[PDB]
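Below is one structure; the comments refer to it alone.
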Amino acid sequence: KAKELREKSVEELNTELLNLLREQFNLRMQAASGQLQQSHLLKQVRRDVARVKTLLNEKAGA
RNA sequence: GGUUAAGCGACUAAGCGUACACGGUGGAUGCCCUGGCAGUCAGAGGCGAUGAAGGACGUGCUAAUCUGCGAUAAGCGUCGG
């Protein structure tokens with residue numbers, strides 16, 4: 001996914017980041033409620049957030 | 001054969017002893033090595049304010065401990081195998 005995400009800019013990657021944070025919250029609410037079933041989506045979204053933050057820190061200037 | 005008298009007198013085991021058979025307990029002996037000990041031949045001889053040694057807390061689909069890791073948290077990018 002990093003190859004696709006490198007095309008995006010600092011804005012439109014922050015938007016992506018915030019959207020994955022919203023999705024992570026919603027998955028957390030379903031999971032904690034005990035009505036998620038697909039328990040593996042939490043690993044998927046967390047690693048996606050880590051990827052977006054890595055690309056942000058790369059494009060910051062360092 | 002009957003009665004009496006005299007003499008002698010086996011068989012008892014509440015428990016115990018010894019022998020043998022079979023058991024219980026217990027964890028020696030034998031065999032074993034993912035642990036150690038002593039060295040040889042090579043390395044390396046340091047880490048730390050770019051925050052160490054060592055820790056607390058946390059981190060999973062996780063209830064706990066160990067291992068790894070640090071709010072990007074059993075992990076993120078890139079390059080090779």
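Convention: sequence-line order gives letters A, B, ...; per-chain numbering from 1. The analysis underlying the following values was restricted to heavy atoms, covering all of them including side chains, and did not include hydrogens, waters or symmetry mates.
The salt bridge (charged side-chain N to carboxylate O under 4.0 Å, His left out) pairs that include a residue from residues 31-47 of chain A number zero, where partners must be two or more places apart or lie in different chains. For residues 49-62 of chain A, every residue pair satisfying the salt bridge (charged side-chain N to carboxylate O under 4.0 Å, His left out) rule, not counting sequence neighbours, is listed here: A:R6-A:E58, A:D48-A:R51. Note on residues 21-39 of chain A: pairs passing side-chain hydrogen bond (donor to acceptor under 3.5 Å, both in side chains), not counting sequence neighbours, are A:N19-A:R22.
A:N14 has its side chain within reach of A:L56: a pair of non-hydrogen atoms, C-beta onward, lies under 4.5 Å apart. Side-chain contact between A:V45 and A:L21 is absent, with no heavy atoms from C-beta onward closer than 4.5 Å.
Rounding to the nearest 0.5 angstrom, the gap separating the CD atom in A:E7 from the CG atom in A:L13 is 10.5 Å.
The two residues A:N57 and A:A62 come nearest to each other via the heavy atoms O-CB, 4.4 Å.
Hydrophobic clustering keeps A:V52 apart from A:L55 (ILVMFWY residues linked when any side-chain heavy atoms are closer than 4.5 Å, directly or through intermediates).
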